[PDB]
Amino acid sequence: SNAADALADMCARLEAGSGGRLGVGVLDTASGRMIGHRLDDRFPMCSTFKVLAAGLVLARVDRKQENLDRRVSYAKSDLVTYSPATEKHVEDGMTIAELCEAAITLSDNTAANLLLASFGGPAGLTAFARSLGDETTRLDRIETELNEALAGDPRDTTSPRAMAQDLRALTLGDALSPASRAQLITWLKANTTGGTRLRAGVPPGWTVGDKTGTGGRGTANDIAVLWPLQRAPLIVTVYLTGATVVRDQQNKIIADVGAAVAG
């Protein structure tokens, strides 16, 4: 109880100065126990949905319904804001693996839309979430419209508990084959967008795989698998929405949650 109470306390106090709502899930794989703050509240996913999207691609690969080497051609009209890799390959296309890599490690938005188009879109991804036992998450829109984060709007949302359970299932559990779960871990570990969030707050000896999300109405998120030194892995989800402090402070709040998980 003391660890649960202490973390819930530190989250309430951070949330008070942020102006918004702070949701935190910490799943300790040694025990199966989950602690945190606002565990069952709804938060906009923003780019955190891309972990589920890459997971569904790999689950389809496991079933011979998709091939990581399949090439996708696309047009300039498919490009949306924040597409650093896909904007360079309009002429030559990208493989499904390259699109997953760009969606996870750079948060490339067109790459994620092309993955959504490969498997039935937002409704197809939501059906995959239901297959993991997740009755909470729902994706409704594609990039960039899903980042609106309107107050109280349930579209494009998850909960800290639901996403932590899904991230555990896809990386450490058995939702994916051993080859596919290792590939997803590799992409998460190679993420380039998380240096000011959980990675900045956890002890430097820990290994981190993560996916960020950022959106309107003061929304900043980070979800991660954390490997401590001589302690079982943790799954940590952090969702901040409705923050009214400046963006740099939202990043610091997430880093400070990372520090609280470790301490």
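Numbers for residues come from their place in the sequence shown, where the first is 1.
- Stretches 131 to 139 and 147 to 155 differ in mean CA B factor, with 147 to 155 having the higher one.
- Here the stretch with the larger average CA B-factor, out of 160 to 168 and 88 to 96, is 88 to 96.
- Comparing C-alpha B-factors across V238, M45, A59, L68 in the deposited entry, the largest value falls on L68.
- When the C-alpha B-factors of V245, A12, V24, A255 are ranked from the entry, the top spot goes to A12.
- When the CA B factors of the chain's modelled residues are split into thirds, the value for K50 lands in the lowest one.
- Annotation for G216: C-alpha temperature factor in the middle third relative to the rest of the modelled chain, per the entry.
- When the modelled residues of the chain are ordered by their C-alpha B factor, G124 lands in the lowest third.
- Ranked by C-alpha B-factor against the other modelled residues of its chain, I223 falls in the lowest third.
- Sort the modelled residues of the chain by CA B factor and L229 lands in the highest third.
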